[PDB]
Amino acid sequence: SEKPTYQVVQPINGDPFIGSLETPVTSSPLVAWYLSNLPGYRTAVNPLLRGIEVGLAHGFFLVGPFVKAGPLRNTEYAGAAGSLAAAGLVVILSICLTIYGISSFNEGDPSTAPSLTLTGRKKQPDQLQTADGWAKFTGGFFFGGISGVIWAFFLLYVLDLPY
Amino acid sequence: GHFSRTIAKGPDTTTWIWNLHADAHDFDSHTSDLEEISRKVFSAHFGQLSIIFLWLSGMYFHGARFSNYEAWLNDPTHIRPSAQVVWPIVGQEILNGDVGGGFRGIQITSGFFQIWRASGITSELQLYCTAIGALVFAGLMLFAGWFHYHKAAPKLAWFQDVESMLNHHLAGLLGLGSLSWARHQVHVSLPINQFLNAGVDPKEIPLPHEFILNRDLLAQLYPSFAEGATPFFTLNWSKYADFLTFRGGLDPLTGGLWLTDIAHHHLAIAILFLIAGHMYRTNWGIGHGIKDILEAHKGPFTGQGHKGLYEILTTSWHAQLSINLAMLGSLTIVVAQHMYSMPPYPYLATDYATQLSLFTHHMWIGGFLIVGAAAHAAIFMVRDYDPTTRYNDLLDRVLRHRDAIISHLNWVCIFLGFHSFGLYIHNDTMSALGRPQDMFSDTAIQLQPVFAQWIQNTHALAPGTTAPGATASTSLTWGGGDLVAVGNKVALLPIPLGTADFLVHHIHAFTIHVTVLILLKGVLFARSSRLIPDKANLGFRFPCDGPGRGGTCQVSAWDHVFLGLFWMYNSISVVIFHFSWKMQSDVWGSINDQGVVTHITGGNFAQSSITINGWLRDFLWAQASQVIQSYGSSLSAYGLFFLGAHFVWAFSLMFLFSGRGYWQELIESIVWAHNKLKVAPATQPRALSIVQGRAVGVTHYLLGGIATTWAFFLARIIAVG
Amino acid sequence: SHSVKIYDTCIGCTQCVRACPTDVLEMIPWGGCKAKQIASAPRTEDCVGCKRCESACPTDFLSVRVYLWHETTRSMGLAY
Amino acid sequence: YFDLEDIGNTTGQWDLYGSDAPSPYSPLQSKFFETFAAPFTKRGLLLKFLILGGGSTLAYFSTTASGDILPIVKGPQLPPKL
Amino acid sequence: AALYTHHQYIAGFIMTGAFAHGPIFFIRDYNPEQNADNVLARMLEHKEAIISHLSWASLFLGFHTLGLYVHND
Amino acid sequence: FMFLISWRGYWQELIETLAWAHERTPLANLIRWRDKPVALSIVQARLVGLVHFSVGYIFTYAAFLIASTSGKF
Amino acid sequence: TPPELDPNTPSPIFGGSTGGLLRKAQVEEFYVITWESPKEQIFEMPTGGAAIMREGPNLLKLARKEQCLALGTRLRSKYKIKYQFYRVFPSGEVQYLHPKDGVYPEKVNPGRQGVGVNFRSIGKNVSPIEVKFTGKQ
Amino acid sequence: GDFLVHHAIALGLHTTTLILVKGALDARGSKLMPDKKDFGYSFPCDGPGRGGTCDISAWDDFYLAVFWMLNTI
Ligand code: CLA
Ligand code: CLA
Ligand code: CLA
Ligand code: CLA
Ligand SMILES: CCCCCCCCCCCCCCCC(=O)OC[C@H](COP(=O)(O)OC[C@@H](O)CO)OC(=O)CCCCCCCCCCCCCCC
Ligand SMILES: CC1=C(C/C=C(\C)CCC[C@H](C)CCC[C@H](C)CCCC(C)C)C(=O)c2ccccc2C1=O
Ligand SMILES: CC1=C(C/C=C(\C)CCC[C@H](C)CCC[C@H](C)CCCC(C)C)C(=O)c2ccccc2C1=O
C-alpha cells in the first residue's frame with residue numbers, strides 16, 4: 049500500500065467497517081515505533097519490570113507540581129517535603145491499581161488482551177492482564193513511584209539548577 | 038393551514054392553530070418545486086425591506102416632531118438624548134423626565150442623535166423629509182414584492198446565476214454605496230460638522246446645498262478644494278490630504294473618529310469593492326467560473342474536494358442561509374467590538390448609556406444569528422443532502438470521522454470548564470478560609486495575559502515605526518499615555534489587562550466551545566447515529582423516538598438548537614457583563630481640573646471580579662440599586678420590566694421542567710366541567726406538542742432573561758452616566 | 002428484555018410491523034377479524050422499546066402494548 | 057472482501073495494533089528489582105499494606121507544628137449583642 | 369427563625385409523601401370490587417369534579433393575588 | 661436545571677462518541693470498563709435534577725436565614 | 071423454508087469510518103446483511119456517508135441488528151432490492167433472522183405461531199395481587 | 515400586607531393539592547392512558563404516540579408538586 053496512494057486516510061488496517069481510520073498520527077513509522085516501545089506496550093516482557101519503568105517515571109514527575117503549587121510554596125519547612133504529598137498520591141494511585149486488578153481473576157482465562165498483532169499474524173498472547181500479571185505490575189509501580197519521588201526530592205534537596 | 042390544502046382542510050383540535058404559524062414560513066414543506074420556493078423567499082425579502090424601511094421612517098419622524106435633537110445639538114455634553122413622548126393617561130406621564138432642553142421625554146439609547154450629528158443634519162425640516170423619503174421607499178418595496186410574485190416572477194435560472202449576483206452585491210451595493218456615502222461626507226458631513234465643532238450653532242450654519250454649489254464656502258477651510266481643475270487629474274493626490282487624513286485616534290473635542298478619516302476610508306473601500314467586483318465570469322468573456330476554481334482545490338487529505346459544491350449552493354437555500362447567518366452574526370459581533378474601541382460618532386463615547394446598550398444589542402443579534410446557522414445547516418442535512426446526485430466528498434469524511442470531532446470537542450470543553458470556572462471556585466474557597474495569598478490574583482499567584490499585553494504593546498509603538506503615515510494610534514485602548522476627555526466625561530483610555538482579564542477570556546473560550554459542541558453535534562448526527570440509524574426519516578423537527586434504548590429524548594437536530602440556545606444566552610450574558618463592569622471600573626468616569634480620574638466603581642474589577650461572590654456582590658447587588666429604586670422616577674418602567682422579566686423567566690421553567698402528558702390529563706377534568714354546562718368547544722382543546730412546549734419554554738426563558746438585564750443595564754448607566 | 006403483547010381487538014392493519022425497526026413483530030392467520038390476520042410478537046429479544054408500533058395502531062387504544070421490563074444490551078440500543 | 061467465519065478475530069478489531077511489540081527485553085538490572093519489588097507483587101497483601109499505610113496520615117497529623125490550629129491569640133468579638 | 373423554617377420544610381415534604389403513597393395505594397393495593405360503591409370508590413367516579421374545582425380555586429386565587437400585587441407595583 | 665431541561669437522548673449519543681474514543685486511544689486501551697457507560701434514565705434525571713433543585717433551595721435560604729439574622733441579631 | 075446461508079461475498083466500496091464495529095463485535099455480537107444489486111449504485115450507509123453499492127452478492131457487517139434493517143428497508147425502497155441479514159456471534163454459529171419465514175413479516179404467512187397473544191382484549195386486565203406475574207400475561 | 519401573602523399561601527396550598535390529588539385520582543388511568551394501572555407508580559412515559567405522553571405517571575405528578583411545595587413553603 050505504498051506509495052502512489054497520493055492520499056492519507058487509509059481505512060484502518062484495510063478494514064473500512066471497523067471504526068477508526070489510518071492517519072499519520074494513527075500509524076506513522078515514527079509514531080508506531082514510538083508506541084511499540086514503552087512499558088505499557090512491550091508485551092512478552094515481565095509485568096513487574098514494566099511497572100517499575102512506568103511507576104518510576106510518574107513518581108518523579110509528580111513532585112514538581114505538588115512542590116511548586118503546594119500550600120507551602122514558599123517555605124523551608126515545606127521546602128519540598130510536599131514531595132511527601134507526591135508520594136501519598138502514588139500510595140493512593142496504587143490502591144486504585146490494586147482494586148482494578150480484581151476485575152481480572154486468577155482462573156484466570158489469562159489475558160483479555162488481543163491474541164494477534166495487526167497483519168493478522170495470528171501469533172502470541174499479551175499477559176499484562178490476568179491477576180498475577182497485573183499485580184506484579186502494580187507492585188512495580190508502587191516501587192517505581194516511591195523511588196522516583198525520593199530521587200527527585202534528592203536533587204531538589206541540593207539542587208543548584210535551577211535555583 | 039392556508040399554505041397547503043390538506044393542511045387547510047379543517048380544524049378538529051387546537052393543535053391545528055399552533056401548526057399553522059409554526060410552518061408559515063416553511064416554504065420548502067409546501068412545495069417540492071425549487072422555483073416556487075425561490076420565488077416565494079425573494080418576494081419575502083421585499084416585504085422585509087418594507088418593514089425596516091417603515092421602521093426607519095418612524096425613527097426620523099419621531100426625531101423631527103417628538104425629540105429635542107436641536108436642543109441636544111447646542112449642548113451635547115449635558116443634554117439627555119430623548120425621542121418619543123408619553124400621553125398623560127392612567128398616571129403614565131411620570132415616564133416623561135428631565136432630559137434637558139426644556140423637554141419632557143424618555144431618554145433613548147439607539148444612538149440616532151449621534152448618527153444625525155455625524156450626517157450634518159441640523160433641522161427637524163431635514164429629519165421630516167428623510168422620514169417621508171423612507172415611507173416612499175417602504176411603499177415601493179412592498180409593491181415590488183407583489184409585482185414579482187403575481188405579475189413577473191423570475192425564472193429559477195435567474196436566481197442560479199450566482200456569479201453575476203456576486204459581482205454586483207460587493208461592487209454595485211458595497212462599492213458605489215461606500216463611494217456615494219464618501220461624497221456626502223466631504224461635501225456635507227465634514228463641512229457642517231467642522232462648523233458645529235466651532236460652536237457656530239445649527240441655525241447659523243449655512244444649508245448643506247450651499248456648500249456643494251459654490252466652492253467658496255467649502256474652500257476657505259480645506260483649501261485643496263480651491264482648485265477647480267483639482268489635483269486629481271494631475272494624479273499627484275498629495276494636495277487633497279487636507280480634508281482626508283490617516284490621523285486616526287480620536288478628536289479631543291467631539292470624542293468621535295475624525296470624519297477626516299472616515300471619508301478617506303470609504304473612498305478606499307469603494308474602489309476596493311469596485312475592483313473586487315470585477316472577478317466572476319458573465320457574458321462578455323472576462324471573469325471567473327466559480328465552478329471551475331472551486332474544483333481546482335483538492336488534496337492528499339481531501340481527495341476530491343469542493344467538487345460538487347457549486348451544485349449544492351445553487352439548489353439549496355438552507356445551505357446558503359446557514360453560511361450567511363453564521364457570518365452575518367459573526368459580523369454583528371465584531372461590529373460591537375469595533376464601535377466601542379473606536380467611537381465613530383460625535384459625542385458617542387461620552388454618552389455611556391448609548392454605548393452600553395449598543396454593544397449589548399449587537400452581541401445578542403450576532404449571537405442569535407449564529408445559532409440560526411446551526412439550525413439550517415442541520416435542516417440541509419435532513420432535507421437536501423443527497424449523495425447520489427450531489428456528492429461533495431468534503432462533507433464525506435466529516436461524516437466519516439464525526440464521532441471523532443465531537444469526542445475531542447467534548448474533551449476541550451471539560452478542560453476549559455475546569456481551567457476557567459474552577460479557578461474561581463478556588464479563589465472563592467481560599468478567600469473564605471482567610472488565605473488570599475493562595476488565590477489566583479495579581480497580589481498573589483498571578484496569571485498574567487502576557488500575550489494580549491504584548492499585542493497591545495506593539496499597537497502602541499505602531500505609529501511612526503511600522504505605521505509612518507499614522508500620526509496617532511488606532512484606538513486609545515492601545516494608546517499608552519493618551520487620554521481623551523469630552524465634557525467632564527472620559528471618552529476613552531488605555532485598557533489594562535491583568536489576571537482578572539485572563540480568567541474571563543477563558544470563560545468566553547469555554548462558553549463558545551460548548552455552544553459550538555451542542556450545535557455541531559446536532560448537525561453531524563442529524564441523519565444517522567449508533568442510537569438512531571434512521572433519524573433522517575424522523576425529520577428535522579421531531580420530539581423523540583420513544584423511551585426505548587434507555588430513552589431517546591431530544592435526539593432531533595431541532596432540540597440541539599434548543600439546548601444550544603440557552604448556552605448562547607449563557608454565553609453572551611457574560612460577555613455583556615464583562616463589558617459593563619470593565620468599562621465602568623477601569624474606563625468610564627469623570628476627569629477633574631488637575632487631571633485626576635475617578636471611575637464609576639473605582640477600579641474594583643481587578644481584585645473583585647476574580648471571585649464569584651465578587652460578581653454577585655460588587656456587581657449585581659451593587660449595580661442593581663438603581664433599578665430597584667427607580668419607583669417614583671422617570672426610570673419607573675425599567676423597574677417594572679425588571680420585575681416583569683423575572684416573571685416571564687420563571688414562567689418558562691413551568692414548560693421546561695414538565696411534559697404534556699400531565700397537562701392533557703388535567704384538561705380532561707376541565708373539559709368535563711365544560712360538558713356539564715354545555716360549554717364544550719367543538720374544537721377540542723389539546724395540550725401543546727412535545728416540541729412546542731420546548732419552543733415555548735426557551736423563548737420565554739430568553740425573553741425573561743434578556744429582558745431582565747436590559748432593564749438592569751438601562752437603569753444603571755442612565756442614573757449614573 | 003421488554004415485554005410486548007397483542008390483543009384480539011386488533012384488526013390486522015399490519016402497521017405495527019412496518020413501524021418496527023428491529024423486526025419484533027409479524028402477521029398471523031386468525032379468524033377474529035375481516036382481514037383474518039393478527040399481529041404477533043415472537044422476537045421480543047430484539048425489542049428496543051421505542052413504541053413506534055403503538056403510534057401506528059388505529060384501534061381505539063392499542064392492540065399492541067409494550068411493557069418496558071428488564072434491560073439488556075439489545076434493549077438498551079447499544080452499539081458498543 | 058475479507059470476512060472469514062473461520063477466524064472471528066481478524067474479522068473484528070481483535071488484532072493488537074502495531075503498538076504491541078513482543079520484542080526482546082531490557083538490561084539485567086531487572087534481577088535487582090525482581091528481588092526487592094517482590095513483596096508488593098502479591099496483591100491483596102499490598103491492598104492491605106497501603107490501607108494500613110494510612111497509619112502514616114494519622115501519625116503526620118497527630119504531630120504537626122505548622123498548620124493553623126491556633127488563634128494565634130486574640131480578644132474575641134462580643135459581638136452583635138455580646 | 370431557624371426552627372420555624374426547619375419544621376415548615378419538614379412539614380412540607382411530609383405532606384407531599386402522604387399525597388404520594390396515596391396513588392401507590394390505588395395502583396398496587398386497591399381492590400375496586402371489595403370497595404364497591406363506598407366513599408373511597410366514589411372518589412374515582414367523580415374525580416373530574418374534584419380536579420376541575422381545584423383548578424378553578426387555584427386559577428381564581430392566582431389571577432387576583434398576582435393581580436392585586438402587580439397593580440400596587 | 662440541567663437535568664430538568666436537557667433530556668436523555670442528547671447525552672446518550674454524546675457518551676457513545678466517548679465510548680468510541682476510549683477504545684481508540686493508546687495507553688488507555690489496556691483499561692476497560694466493567695459497566696457499559698450510558699446516559700441516566702428519563703425518570704432518574706427528573707429525580708437527580710429535583711434533588712439538586714431541592715438541596716440548593718434549602719441550603720441557599722439556610723445560609724441567608726442564619727447569617728442575615730445572626731449578623732444583626 | 072431453508073436458510074440460504076452466506077459464505078463469502080465482496081464488500082461494498084467505502085474507504086472507512088469511525089462508526090463501525092468496536093469490541094462489542096469481538097466479544098458479544100455483530101450483524102451482517104446481504105443484498106444483490108443489478109447495478110453498481112450508490113447508497114447512504116447508516117453510521118457514515120456515501121458508499122458504492124456494487125453489483126453482485128454484496129456482503130456487509132454491522133452491529134445492533136437495527137442498523138441492518140434500516141439499510142435493508144432503504145434497500146427495498148429506492149431500489150427494488152431483496153435483502154437478508156444474520157447475527158454472526160463471536161464463535162462462528164449461524165443464526166438467521168429476517169426474513170426468516172422467507173416472506174416478509176408484514177405479509178401474512180401460513181405457519182407462524184402466535185406468541186404472546188391475549189384473547190381477553192385490553193382493559194380487561196387485572197390488578198395485583200402479590201403473586202408472580204403482572205396480569206398482562 | 516398580611517392579606518395578600520395569606521392568599522399567596524392559599525394559592526400555594528390549592529395548586530399543590532391540585533397536582534397531588536390529580537396524580538392520585540388518575541394513577542389507575544385516564545383517557546389518554548386507561549391502562550396506567552398496568553405500568554406501576556413510576557414509569558418514564560407511554561411514548562410520543564397519541565400526541566405525546568411526557569410526565570404522565572403518578573410519580574411525575576408528585577415530582578411536579580415538589581416544585582410547588584417548595585414555592586409555597
Ligand atoms: C480546575 C481548576 C483548578 C486549578 C488549576 C487548581 C490549582 C491549584 N489548587 Mg485548587 N481547587 C479547585 C480548583 C482548581 N485548583 C476547586 C474547584 C476547589 C474547591 C474544593 C479547590 C480547592 C483547593 C484547596 C483547598 C487548595 C487548592 C490548591 C491548589 C494549588 C495546588 C494543588 C495541587 O496539588 O497541585 C496539582 C497536582 C498535580 C498532580 C497536577 C497534575 C496536573 C498536570 C500539570 C497535568 C499536565 C498535563 C499534561 C499536558 C499532559 C500531557 C503532556 C504530554 C506532553 C505527555 C494549585 C494552584 C492548594 C493551594 O493552592 O494552597 C495554597 C490548596 O490547598 N485548591
Ligand atoms: C396587494 C394586496 C394583496 C392581495 C389581495 C394578496 C393576495 C394573496 N397573496 Mg400576496 N403579496 C402581496 C400583496 C397581496 N397579496 C405583497 C405586497 C407581497 C410582497 C411581500 C405579497 C407576497 C405573497 C407571497 C409569497 C404569497 C402571496 C400569496 C397570496 C394569496 C394567498 C394569501 C396568503 O398568502 O395567505 C395569508 C394572508 C396574509 C395577509 C398573511 C399576512 C402576511 C402579511 C404581509 C403580514 C404583515 C407583516 C406584519 C406587519 C409583521 C408584524 C406583526 C406584528 C404585529 C407582530 C392571495 C391570493 C400566496 C399564494 O400565492 O398562495 C400559494 C403566496 O405564496 N403573496
Ligand atoms: C436569516 C434569517 C432566517 C430566515 C429567513 C429563517 C427561515 C425559516 N426558519 Mg429560521 N432561525 C433563524 C433565522 C432565519 N430563519 C435563527 C437566527 C434561528 C436561531 C434562533 C432560527 C431557528 C429556527 C428553528 C428551530 C426553525 C426555523 C424554521 C424556519 C423555516 C420556517 C419557520 C417559520 O415559518 O417561522 C415561524 C414563526 C413563528 C413560529 C413565530 C414564533 C414567535 C416568535 C419566536 C416570538 C418572538 C418574540 C419577539 C421577538 C419578542 C416578544 C414579542 C411579544 C411579547 C409580542 C423558515 C425557512 C423552522 C423550520 O423547520 O425550517 C424549515 C424551524 O423549526 N428557524
Ligand atoms: C412564575 C412561573 C409560573 C407561573 C406564573 C405559574 C402559573 C400557574 N401554574 Mg405553574 N409551575 C411552574 C411555574 C409557574 N407557574 C414551575 C416552575 C413548575 C414546575 C415544573 C410548575 C408546575 C405547575 C403544575 C403541576 C401546575 C401548575 C399550574 C399553574 C396555574 C395555577 C393557576 C393559578 O393559580 O393562577 C392562574 C394563572 C396565573 C396566575 C398566571 C397567568 C399569567 C397571567 C396572569 C395571564 C395574563 C396574561 C396577560 C394578559 C399577558 C398577555 C401576554 C400577551 C403577549 C398576550 C398557574 C397558571 C397548575 C394548573 O395548571 O392549574 C390549572 C398545575 O397543575 N404549575
Ligand atoms: C504552542 C504554540 C504554537 C501553535 C501550534 C499549535 C496551535 C495550533 C493548533 C495546531 C493545529 C494544526 C493545524 C494544521 C493545519 C491544517 O489544518 O491542515 C489542513 C490539512 C490540509 O489538507 P489538504 O492539504 O488536503 O487541504 C487541501 C484540500 O484538502 C482542500 O481542498 O487538512 C487536514 O489536516 C485534515 C485533518 C484536519 C486536522 C484537524 C486538526 C484541527 C486542529 C484544531 C485546533 C484549531 C485551532 C485554531 C486556533 C485559532
Ligand atoms: C402549562 C403547560 C401546558 C398547557 C398550556 C397551554 C395549553 C397554553 C395554551 C393555552 C392558551 C393560552 C389558551 C388559548 C385561549 C384562546 C386564545 C382563547 C382566548 C380568548 C380571549 C381570552 C382572548 C402544556 O400544554 C405543556 C406541554 C408541554 C410541556 C409543558 C407544558 C406546560 O407547562
Ligand atoms: C448531564 C446529564 C446526563 C449525563 C450524566 C451522567 C453520565 C451522570 C454521571 C455523573 C458522574 C459519574 C459524576 C457524578 C458524581 C456524583 C456526586 C455521584 C456521587 C456518588 C453517589 C452519591 C451516588 C444524563 O444522562 C441525562 C439524562 C437525562 C436528562 C438529563 C441528563 C443530563 O443533564
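Residue numbers (the deposited numbering), protein chains in the order written: chain A, 49 to 211; chain B, 38 to 758; chain C, 2 to 81; chain D, 57 to 138; chain E, 369 to 441; chain F, 661 to 733; chain G, 71 to 207; chain H, 515 to 587. Yeah, the Cβ is synthetic: ideal placement off N, Cα and C, and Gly gets one too.
### Query
Under the three-state reduction of DSSP, which class applies to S215/B: helix, strand or coil?
Position 178 of the second sequence, counted from the first residue, corresponds to residue 215/B. It is helical.
### Task
Measure the alpha-carbon distance for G13/C versus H682/F and round it to whole angstroms.
As a working note, residue 13/C is residue 12 in the third sequence. As a working note, residue 682/F is residue 22 in the sixth sequence. About 47 Å.
### Task
May I ask you to report which of helix, strand or coil DSSP gives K526/B?
As a first step, residue 526/B is located in the second sequence; it is residue number 489 there, counting from the start. Correct three-state label for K526/B: strand.
#### Entry: Supposed contact pair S119/B and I152/B - C-beta distance, whole angstroms, cut 8 Å
Working through the second sequence from its first residue, we reach residue 152/B at position 115. Working through the second sequence from its first residue, we reach residue 119/B at position 82. Rounded, the Cβ-Cβ distance is 15 Å, inconsistent with contact.
### Message
For a contact defined as C-beta to C-beta under 9 Å, what are the partners of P136/D on chain F?
### Response
Counting from one through the fourth sequence, the residue named residue 136/D turns up at place 80. Result: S730, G731, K732 and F733.
### Query
Between the region 74-92 of chain D and the region 698-713 of chain F, do three or more beta carbon pairs fall short of 8 Å?
no
### Message
Looking only at its chain, what residues have a beta carbon closer than 6 Å to the beta carbon of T50/B, apart from the 5 residues adjacent to it on each side?
### Response
Looking up residue 50/B in the second sequence gives position 13. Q721 and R723.
### Task
Quick one: list the residues of chain F neighbouring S75/D, beta-carbon separation under 9 Å, in chain order.
Position 19 of the fourth sequence, counted from the start, is the residue given in the question as residue 75/D. Going along chain F in sequence order, the residues near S75/D (Cβ under 9 Å) are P686, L687 and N689.
#### Entry: Cβ distance (whole Å) where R697/B is taken to contact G676/B below 8 Å
As a first step, residue 697/B is located in the second sequence; it is residue number 660 there, counting from the start. As a first step, residue 676/B is located in the second sequence; it is residue number 639 there, counting from the start. So it is not a contact: roughly 36 Å between Cβ atoms.
### Message
Beta-carbon distances below 6 Å to any heavy atom of ligand 5 define the shell here; list its residues in chain order, please.
### Response
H334/B, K335/B, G336/B, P337/B, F338/B, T339/B, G342/B and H343/B
### Task
To the nearest angstrom, report how far apart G404/B and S367/B are at their CA atoms.
Against the second sequence, residue 404/B aligns to sequence position 367. Against the second sequence, residue 367/B aligns to sequence position 330. Rounded to the nearest angstrom, the two C-alpha atoms are 8 Å apart.
### Task
Taking only the alpha-carbon atoms, compute the straight-line gap between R427/B and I349/B and give it to the nearest angstrom.
Stepping through the second sequence from its first residue, residue 427/B is reached at position 390. Stepping through the second sequence from its first residue, residue 349/B is reached at position 312. In a straight line, the C-alpha of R427/B is about 7 Å away from that of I349/B.
### Query
What do you reckon, is the C-beta of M383/E under 6 Å from a heavy atom of ligand 4?
Residue mapping note: residue 383/E aligns to position 15 of the fifth sequence, counting from 1. Checking the Cβ of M383/E against ligand 4 gives no.
### Contacts of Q69/D in chain A (Cβ-Cβ under 7 Å)
Stepping through the fourth sequence from its first residue, residue 69/D is reached at position 13. Neighbours of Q69/D on chain A, chain order: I66.
### Message
So if DSSP puts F113/G in a beta bridge, which residue, or which two residues, is it bridged to?
### Response
Within the seventh sequence, numbered from 1, the residue matching residue 113/G stands at position 43. In DSSP, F113/G forms a bridge with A121/G.
### Task
Give the residues from the region 597-621 of chain B that approach chain F closer than 8 Å (Cβ to any Cβ), ordered along the chain.
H597, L600 and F603
### Task
Mind checking the region 661-675 of chain F against chain G and listing, in chain order, the residues whose C-beta falls within less than 8 Å of any C-beta there?
none
### Query
So, are the CB atoms of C590/B and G709/F less than 7 Å apart?
For the purposes of this step, residue 590/B is taken as residue 553 along the second sequence, with counting starting at 1. For the purposes of this step, residue 709/F is taken as residue 49 along the sixth sequence, with counting starting at 1. Taking 7 Å as the Cβ cut-off, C590/B and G709/F do not qualify as a contacting pair.
#### Entry: Best match in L79/C, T45/C, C58/C and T74/C for proximity to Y68/C [C-alpha to C-alpha]
Along the third sequence, read from residue 1 onward, the residue named residue 68/C stands at position 67. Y68/C has its Cα closest to that of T45/C, out of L79/C, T45/C, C58/C and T74/C.
### Message
For the structure I just gave you, are there three or more beta carbon pairs, one from the region 101-108 of chain G and one from the region 124-138 of chain G, closer than 8 Å?
### Response
yes
### Task
Would you check if the distance between the CB atom of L139/G and the CB atom of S81/G is smaller than 7 Å?
For the purposes of this step, residue 139/G is taken as residue 69 along the seventh sequence, with counting starting at 1. For the purposes of this step, residue 81/G is taken as residue 11 along the seventh sequence, with counting starting at 1. Not a contact, by the Cβ cut-off of 7 Å.
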